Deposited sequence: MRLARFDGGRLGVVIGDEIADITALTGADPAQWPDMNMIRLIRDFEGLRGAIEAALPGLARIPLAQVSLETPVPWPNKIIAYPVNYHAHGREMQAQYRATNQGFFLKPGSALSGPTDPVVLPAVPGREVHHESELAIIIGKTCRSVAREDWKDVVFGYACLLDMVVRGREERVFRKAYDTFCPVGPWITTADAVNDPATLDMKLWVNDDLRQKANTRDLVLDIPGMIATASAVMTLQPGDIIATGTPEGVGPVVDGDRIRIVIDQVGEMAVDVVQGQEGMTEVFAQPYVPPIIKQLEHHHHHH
């Protein structure tokens, strides 16, 4: 299932080239601030998924062309990021850096420095958990999304700028991904392929990243784990369009603007 936020915090299920609005069915309030509706939907999903599937046929459907998709989890408890982590410790990103699939990446005017793209697979946590065993990793994963880890090249603050963590365009629920350790990930800048890898080449694998992070911190529904980036990290400039594809997970493209 593909779960998305859109048009000011509405919740929807993406079906082909349309979105079905589940806001009213789930009792979500898109005016809620801070907006934690997706985190409650994630927490409660095994108790809501059957209801959503049963009601889906009667729900309002809107072409994706006519909505503005948003980042699916706007205020997570934390964003845990593993640097590098592909064959040729963790850090935190601020929730303020999150941006959606229709929002531009806004470059700071950083004299004499470049801003680089990093394509990553995001893990979305589904359960409150601590000290998860490798063998139990599937119990705590809600799903997956595409993530861009934008960075001023040179410090934690260089990954902290607003718009430096695009996440989207939806969450694909874990049941819909056969094996997330076999997925091809691609990133283009304009027409040119710049990064391409398969998650079979993760150094610290998905169960390892969950066991490690949860050994230190209690994880929460909605937490994002950025799993690393392959080779090909490079610069973006004003007017560029970054496209990321992760097979079985999603695709998004974002514009780059000079601030």
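Student: Let me make sure I understand the coverage. Which parts of the deposited sequence, in order from the N-terminal end, have no C-alpha coordinates here?
Tutor: 89-102, 169-171, 277-303 are the stretches of the deposited chain that have no C-alpha coordinates in the structure.
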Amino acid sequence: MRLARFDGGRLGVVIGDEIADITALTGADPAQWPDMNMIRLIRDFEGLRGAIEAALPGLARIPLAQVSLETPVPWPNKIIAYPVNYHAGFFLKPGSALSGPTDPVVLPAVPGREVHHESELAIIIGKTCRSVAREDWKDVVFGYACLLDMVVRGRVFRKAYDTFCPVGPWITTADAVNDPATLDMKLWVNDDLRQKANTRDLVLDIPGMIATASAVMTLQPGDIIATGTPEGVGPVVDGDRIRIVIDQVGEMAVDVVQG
From here on, numbers count along this sequence of modelled residues.
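Student: Quick one: higher average CA temperature factor, 134-142 or 117-125?
Tutor: Mean C-alpha B-factor is greater for 134-142.
Student: Per the record, averaged over C-alpha atoms, which has the higher B-factor: 90-98 or 106-114?
Tutor: Comparing averages over the C-alpha atoms only gives 106-114.
Student: In this PDB entry, which of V167, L187, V156, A174 has the top CA B-factor?
Tutor: Highest CA B-factor of the listed options: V156.
Student: Would you mind finding, among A226, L59, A213, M38, the residue with the largest C-alpha temperature factor in the entry?
Tutor: Max CA B-factor in the entry, restricted to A226, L59, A213, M38: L59.
Student: Per the entry's values, where does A28 land by CA temperature factor relative to the rest of its chain, in the lowest, middle or highest third?
Tutor: Highest third of the chain for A28's C-alpha B-factor.
Student: Could you place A51 in the lowest, middle or highest third of its chain by Cα temperature factor, using the values in the record?
Tutor: As the PDB entry reports it, the C-alpha B-factor of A51 lands in the middle third of its chain.
Student: Which third of the chain holds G208 when residues are ordered by C-alpha B factor: lowest, middle or highest?
Tutor: Lowest third - that is where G208 ends up once the chain's C-alpha B-factors are sorted.
Student: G234: which third of its chain by C-alpha temperature factor?
Tutor: For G234, whose C-alpha B-factor we compare with every modelled residue in the chain, the answer is the highest third.
Student: Using the temperature factors of the C-alpha atoms in this entry, rank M217 within its chain: lowest, middle or highest third.
Tutor: Answer is lowest: the recorded C-alpha B-factor places it there.
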